[PDB]
Engineer: 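Supplied in structure tokens, the structure appears directly below.
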Amino acid sequence: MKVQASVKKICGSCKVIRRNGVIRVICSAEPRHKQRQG
Amino acid sequence: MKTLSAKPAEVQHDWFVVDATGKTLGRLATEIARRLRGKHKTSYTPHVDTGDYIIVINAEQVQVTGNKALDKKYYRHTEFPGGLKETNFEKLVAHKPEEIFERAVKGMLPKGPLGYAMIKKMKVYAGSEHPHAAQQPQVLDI
Amino acid sequence: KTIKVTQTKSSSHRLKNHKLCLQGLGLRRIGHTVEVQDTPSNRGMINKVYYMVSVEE
Amino acid sequence: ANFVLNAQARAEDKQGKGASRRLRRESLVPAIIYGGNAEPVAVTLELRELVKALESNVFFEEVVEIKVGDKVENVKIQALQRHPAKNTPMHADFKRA
Amino acid sequence: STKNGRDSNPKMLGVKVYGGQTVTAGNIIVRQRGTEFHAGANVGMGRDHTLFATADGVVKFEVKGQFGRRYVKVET
Amino acid sequence: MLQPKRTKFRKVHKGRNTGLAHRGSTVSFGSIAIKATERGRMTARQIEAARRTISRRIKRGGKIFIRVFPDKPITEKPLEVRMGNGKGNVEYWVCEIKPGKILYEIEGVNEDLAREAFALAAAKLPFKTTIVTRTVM
RNA sequence: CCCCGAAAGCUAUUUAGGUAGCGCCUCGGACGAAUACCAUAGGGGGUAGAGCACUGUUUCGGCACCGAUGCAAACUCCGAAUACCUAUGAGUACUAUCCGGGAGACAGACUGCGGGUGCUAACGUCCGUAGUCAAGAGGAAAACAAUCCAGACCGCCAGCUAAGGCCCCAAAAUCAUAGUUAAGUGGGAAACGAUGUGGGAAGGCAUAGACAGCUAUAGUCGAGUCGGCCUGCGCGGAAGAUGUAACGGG
Ligand SMILES: [Zn+2]
């Protein structure tokens, strides 16, 4: 999990979602692309 | 000396009962404080207690809006170093419903001996029963 | 041919020429009303202190 | 014919700095029309219509028509002013053709 | 330590009498380092380019001549 | 590090930065350009960094026009020095930026590559920018 | 007890926390429109802005010059608003000026505007200009010389308003009509990031059937869908020491 002020899609398998007022990125292929804005 | 002050020996206190089911906390508290202080009587005097007795029933059914059920915080300090204690509304309403009303009405009454005397006239009960049948309270819808 | 001017605000902190314009029109206090001739010379003083007078034209 | 702009007269009480700023706050554009044998005429234009016309390239080389009610003028674009930072058109000149 | 910190005393130059005013003979009209204004009728020039009136009258400024020089004169 | 070859004076007053840029706000040399939207100061190092980024991205396939030059010197005190005792020493050179001023122009590339290079460059600058293209008027 | 009422500036000083002349206060005498505010008329300027004609400086081409393109406290082909000087004039006002008796003061402060210096730091320092304090009480900003409103002769258990306000502490609307926000945002903070929601101007494809999903572009279905620009209000970025402690509290 990466925690940064800027979160973006990396590949075509990343999806940007919103949970409980937090913007996250979840990737279907590689777990290392997982991100959380913070 | 033509404007007269109310005489404490001539003040009549009346008994009312209020049901708190589904009411907003602060908007009920303002009216309760008004009637405790006596602002609704034409003989109102700032240095004399002229208010009425208010019984509150179903105290654990009071409501708050937004996210205040989980996010509103209650603090106290035991005067030992590091002694700050914290709770929230939803635990406090389950545990001690009367202290919520005590805090809310105490914040709106004056701070002094007269205010301490005024707040003695409010009786808060969690359930739907009160032990003051002998005083024959009247139903008040505020 | 004559107009009525009423002072509506205080003149204590104003500029010196503005105070002198009020004194030259004859206004002495808040709520004072005077009646003056309708001439360009009077109109200049009125227009300079427009923001604290009321004109009944 | 192909390019037509509906316009309304801009009067003396609508001319000036504050008046022009109020017009632009109402989303309008001031314009002037001058040319041979007639006095200048001041008019007001629609911002969206002007932007749509400026997007096309033939607008700058073809005779355009400005209609203020019954009065009709045939003119060419002569000069345009834009805001330095936002690029919004601010004033237009039209030379009679 | 700075090498600056000097300046000279003020000299009080400029126009002393403006257009439309009345003068008497001897009144100084302009103080000037160079000849920014030139002497017209009834106006004399001193050794330091000062312009003064040589007769009573009214001061008047103008622009005249083939070089566009500024002139001041006195009308009696 | 752009800097004038010689100057008439060494130290200049601070001044104030006011107004808009009515001059230098039109694409003249190239076809696409980047321009500032708010005011500020631009240093020679910032100019060099943005130029290097643009040139590296476009791989020197077109021509880059730089329209800002840092002709204003800025002084500083030597540190641990008290107030007074003269003006400081020149440290670096800046250019004053007003809203609407065009910084860089590019000639001879595709718009997608020019925009990607401009986006790369805009991250090195201390003020907001925007992209413009040439127009008849 | 009654009346008026400053200054913390300039110049010089073995002078810098002293003093002297002038400026500012007061009292007496002389003399009244010679004074000021505003209108009209006359007048010089080189600042703001702007520009490249000079002095410097700047980028790209062509051949120091030529074509485009920028910059300047000690550059100017230009050039205001205000300020300043003079004359005439209505109205309002104990105004102006001259001669004498007595002084105090010559450590200022903050706020706004134009600037130098400093880091476009400081409740920093040095100038110009206006207001307040100094020497000024009352109401508002929780408390708060210098901010906002307003200038206290004395008395009244009368009335109208200013700034600021009208749920309770605590005087007055739980007033009325339309919208926005879900963050207790309101009631601290940036670059940047994001299908959060409201509004606006255009564009692409589409019931000879559009987007997604699914079967190997066709094909099952049955109306919208797609990607940008401008804009209102919100979200993250956001860590500190005694006690909630960044709406005065409820
Ligand atoms: Zn991925």
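Because only heavy atoms are used, hydrogens play no part in the values below, and waters and symmetry mates are left out as well, while side chains stay in. Every chain is numbered from 1 and lettered A, B, ... according to where its sequence line falls, protein lines coming before strand lines.
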Engineer: How would you label the contact of F:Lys63 with the nucleic acid (heavy atoms, under 4.0 Å): base, sugar-phosphate, or nothing?
Structural biologist: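 It contacts sugar-phosphate atoms only.
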Engineer: Side chain of F:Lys77: nearest nucleotide among G:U69, G:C119, G:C71?
Structural biologist: G:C119
Engineer: Mind checking C:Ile30 for me? I need base, sugar-phosphate or nothing, with any heavy atom below 4.0 Å counting as a touch.
Structural biologist: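 Sugar-phosphate contact only.
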Engineer: Ignoring the backbone of B:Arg37, work out which of G:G44, G:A170, G:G70 is nearest its side chain.
Structural biologist: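 Of the candidates, G:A170 comes closest.
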Engineer: Mind checking C:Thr39 for me? I need base, sugar-phosphate or nothing, with any heavy atom below 4.0 Å counting as a touch.
Structural biologist: nothing
Engineer: Establish, from distance only, whether the side-chain atoms of E:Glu62 and E:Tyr71 form a donor-acceptor pair under 3.5 Å.
Structural biologist: no
Engineer: Does F:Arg41 put a side-chain nitrogen or oxygen below 4.0 Å from OP1 or OP2 of G:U120?
Structural biologist: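 F:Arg41 to G:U120 OP1/OP2: side-chain N or O found under 4.0 Å.
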Engineer: With a non-hydrogen cut-off below 4.0 angstrom, is E:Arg70 in contact with a base, only sugar-phosphate, or nothing?
Structural biologist: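 Sugar-phosphate, no base atom in range.
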Engineer: Passes salt bridge (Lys or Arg N to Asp or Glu O under 4.0 Å), F:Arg67 versus F:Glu105? Steps please.
Structural biologist: CA-CA 8 Å; F:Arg67 294 189 73 189; F:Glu105 289 206 17; 3.3 Å; yes
Engineer: Remember a base hit wins even if backbone is also touched, and classify C:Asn17 as base, sugar-phosphate or nothing at under 4.0 Å, heavy atoms.
Structural biologist: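 Sugar-phosphate, backbone atoms only, no base.
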Engineer: For G:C247, does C1'-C2'-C3'-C4' say north (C3'-endo side) or south (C2'-endo side)?
Structural biologist: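 Here the sugar adopts a north pucker, which is what a positive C1'-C2'-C3'-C4' value indicates.
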Engineer: Whole Å only: how far is the CG atom of D:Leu54 from the P atom of G:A202?
Structural biologist: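 It is 15 Å, rounded to the nearest whole Å.
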Engineer: What interatomic distance, in whole Å, is found between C1' of G:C75 and the corresponding atom of G:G56?
Structural biologist: 8 Å
Engineer: Regarding B:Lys121 and B:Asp49, does a basic nitrogen lie under 4.0 Å from an acidic carboxylate oxygen?
Structural biologist: yes
Engineer: For a quick test of reading the model: is some side-chain N or O of F:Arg67 closer than 4.0 Å to OP1 or OP2 of G:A68?
Structural biologist: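 It does not, given that no N or O in the side chain of F:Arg67 lies less than 4.0 Å from OP1 or OP2 of G:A68.
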Engineer: With a 4.0 Å cut-off on heavy atoms, is B:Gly107 in touch with a base, just the backbone sugar-phosphate, or nothing at all?
Structural biologist: base
Engineer: Do G:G227 and G:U215 meet the pairing test, Watson-Crick or G-U wobble with both distances under 3.5 Å?
Structural biologist: no
Engineer: So A:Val7, base contact, sugar-phosphate only, or nothing? Heavy-atom distance under 4.0 Å.
Structural biologist: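 Since only primed, P, OP1 and OP2 atoms lie under 4.0 Å of A:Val7, the category is sugar-phosphate.
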Engineer: Quiz question: going by heavy-atom distance under 3.5 Å, is there a donor-acceptor pair between the base of G:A50 and the side chain of F:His22?
Structural biologist: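 No, the side chain and the base share no sub-3.5 Å donor-acceptor pair.
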Engineer: F:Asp71 CG to G:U55 P: how many Å, rounded?
Structural biologist: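 Answer to the nearest Å: 19 Å.
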Engineer: Does any N or O donor sit under 3.5 Å from an N or O acceptor when you compare the side chain of B:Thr30 with the base of G:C167?
Structural biologist: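 Per atom types, no contact qualifies.
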Engineer: Report the pucker family of G:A218 (north if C1'-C2'-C3'-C4' is positive, south if negative).
Structural biologist: north
Engineer: Distance check needed: G:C168 P versus B:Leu25 CG, whole Å only.
Structural biologist: 16 Å
Engineer: Just curious, G:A245 north or south if you read off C1'-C2'-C3'-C4'?
Structural biologist: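 A south-puckered sugar, given its negative torsion.
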Engineer: Among G:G151, G:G118, G:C60, which nucleotide sits nearest the side chain of F:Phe65?
Structural biologist: G:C60
Engineer: Any chance G:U177 and G:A87 qualify as a Watson-Crick or G-U wobble pair, both distances under 3.5 Å?
Structural biologist: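 Here the two bases do not pair.
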Engineer: Could you check whether the side chain of F:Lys14 and the base of G:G118 have a donor-acceptor pair of N or O atoms closer than 3.5 Å, going by distance alone?
Structural biologist: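 Yes.
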Engineer: Tell me whether G:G89 is paired to G:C38 (Watson-Crick: purine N1 to pyrimidine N3 plus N6-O4 or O6-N4; or G-U wobble; cut-off 3.5 Å).
Structural biologist: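 G:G89 and G:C38 meet the Watson-Crick or G-U wobble geometry.
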Engineer: Indicate, with a heavy-atom threshold strictly under 4.0 Å, whether F:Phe69 touches base, sugar-phosphate, or nothing.
Structural biologist: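 Contact class for F:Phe69: sugar-phosphate only.
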Engineer: Looking at every strand, decide which applies to F:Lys11 at a 4.0 Å heavy-atom threshold: base, sugar-phosphate, or nothing.
Structural biologist: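 F:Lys11: base contact, heavy atoms under 4.0 Å.
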Engineer: Which part of the nucleic acid, if any, lies within contact of C:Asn47, taking any heavy atom under 4.0 Å across all strands shown: a base, the sugar-phosphate backbone alone, or nothing?
Structural biologist: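 The residue C:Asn47 makes no contact with any strand.
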Engineer: Among the candidates G:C37, G:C168, G:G70, find the nucleotide nearest to the side-chain atoms of C:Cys21.
Structural biologist: G:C37
Engineer: With a non-hydrogen cut-off below 4.0 angstrom, is B:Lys39 in contact with a base, only sugar-phosphate, or nothing?
Structural biologist: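 Result for B:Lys39 = sugar-phosphate.
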Engineer: Are both defining distances between G:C214 and G:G224 under 3.5 Å, such that they form a Watson-Crick or G-U wobble pair?
Structural biologist: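 The answer is no: G:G224 does not partner G:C214.
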Engineer: For B:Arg27 and G:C167, give me the distance from atom CZ to atom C1', rounded to whole Å.
Structural biologist: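 Spelled out: CZ on B:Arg27 to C1' on G:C167 is 7 Å.
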Engineer: When all nucleic acid strands are considered with a 4.0 Å heavy-atom cut-off, which category describes B:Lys72: base, sugar-phosphate, or nothing?
Structural biologist: nothing
Engineer: Does B:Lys111 have more than 12 heavy atoms from other residues, nucleotides or ligands lying within 6.0 Å of its NZ?
Structural biologist: yes
Engineer: Are G:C75 and G:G51 base-paired in the Watson-Crick or G-U wobble sense, both distances less than 3.5 Å?
Structural biologist: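 Between G:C75 and G:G51, a qualifying pair exists.
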Engineer: Send over the distance from F:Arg82 CZ to G:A121 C1', rounded to a whole Å.
Structural biologist: 18 Å
Engineer: Does the pairing criterion hold for G:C78 and G:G49? That is, Watson-Crick or G-U wobble with both distances under 3.5 Å.
Structural biologist: yes
Engineer: Check this for me: does any side-chain nitrogen of one of F:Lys98 and F:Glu96 sit under 4.0 Å from a carboxylate oxygen of the other?
Structural biologist: no
Engineer: Pick out the pairs of N or O atoms, protein on one side and nucleotides 180-189 of chain G on the other, that lie under 3.5 Å.
Structural biologist:
unit_1	atom_1	unit_2	atom_2	d
G:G184	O6	B:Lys68	NZ	2.7

Engineer: Going strictly by the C1'-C2'-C3'-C4' torsion (positive north, negative south), how would you label G:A182?
Structural biologist: south
Engineer: Roughly how far apart, to the nearest Å, are G:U147 and G:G232 at atom P?
Structural biologist: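 Comparing P positions in G:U147 and G:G232 gives a spacing of 35 Å.
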Engineer: Answer with base, sugar-phosphate or nothing: what part of the nucleic acid does C:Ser41 contact at a heavy-atom distance below 4.0 Å?
Structural biologist: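 The answer is base, as C:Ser41 lies within the cut-off (heavy atoms under 4.0 Å) of a base atom.
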Engineer: Looking at F:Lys8, I'd like to know whether one of its side-chain N or O atoms comes within less than 4.0 Å of OP1 or OP2 on G:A73.
Structural biologist: no
Engineer: Does C:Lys9 make a side-chain N or O approach to OP1 or OP2 of G:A163 shorter than 4.0 Å?
Structural biologist: no
Engineer: Determine whether the aromatic ring centres of residues E:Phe37 and E:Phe61 are separated by less than 6.0 angstrom.
Structural biologist: yes
Engineer: Would you kindly give the NZ-to-P distance between B:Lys111 and G:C169, to the nearest whole Å?
Structural biologist: 10 Å
Engineer: Using Watson-Crick (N1 to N3, and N6-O4 or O6-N4) or G-U wobble (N1-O2, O6-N3) distances under 3.5 Å, do G:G236 and G:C192 pair?
Structural biologist: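 When the criterion is applied, G:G236 and G:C192 count as a base pair.
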Engineer: Under 4.0 Å, heavy atoms only, any strand: does F:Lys72 hit a base, just the sugar-phosphate, or nothing?
Structural biologist: nothing
Engineer: Based on the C1'-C2'-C3'-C4' torsion angle, does the furanose ring of G:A6 adopt a north or a south pucker?
Structural biologist: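 Positive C1'-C2'-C3'-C4' torsion, north pucker.
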Engineer: Return no unless some side-chain N or O of F:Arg23 is found under 4.0 Å from OP1 or OP2 of G:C52.
Structural biologist: yes
Engineer: Separation of F:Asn89 atom CG from G:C119 atom P, in whole Å?
Structural biologist: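 The answer, rounded to whole Å, is 11 Å.
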Engineer: Taking CZ from D:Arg25 and P from G:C230, how many angstroms apart are they, rounded to a whole number?
Structural biologist: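 Value for this atom pair: 19 Å.
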Engineer: Among the candidates G:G193, G:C157, G:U244, find the nucleotide nearest to the side-chain atoms of A:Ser6.
Structural biologist: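 Nucleotide nearest to A:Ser6's side chain: G:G193.
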Engineer: Let me know, please, whether F:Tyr92 or F:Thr18 comes out on the 5' side of the other along RNA chain G by nearest nucleotide.
Structural biologist: F:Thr18
Engineer: Please tell me if F:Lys128 has a side-chain N or O lying less than 4.0 Å from either OP1 or OP2 of G:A191.
Structural biologist: yes
Engineer: Both F:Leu125 and C:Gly26 contact RNA chain G. Which one's nearest nucleotide lies toward the 5' end?
Structural biologist: C:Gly26
Engineer: Is there, by distance only and without an angle test, a donor paired with an acceptor across the side chain of A:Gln37 and the base of G:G193 below 3.5 Å?
Structural biologist: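 Present.
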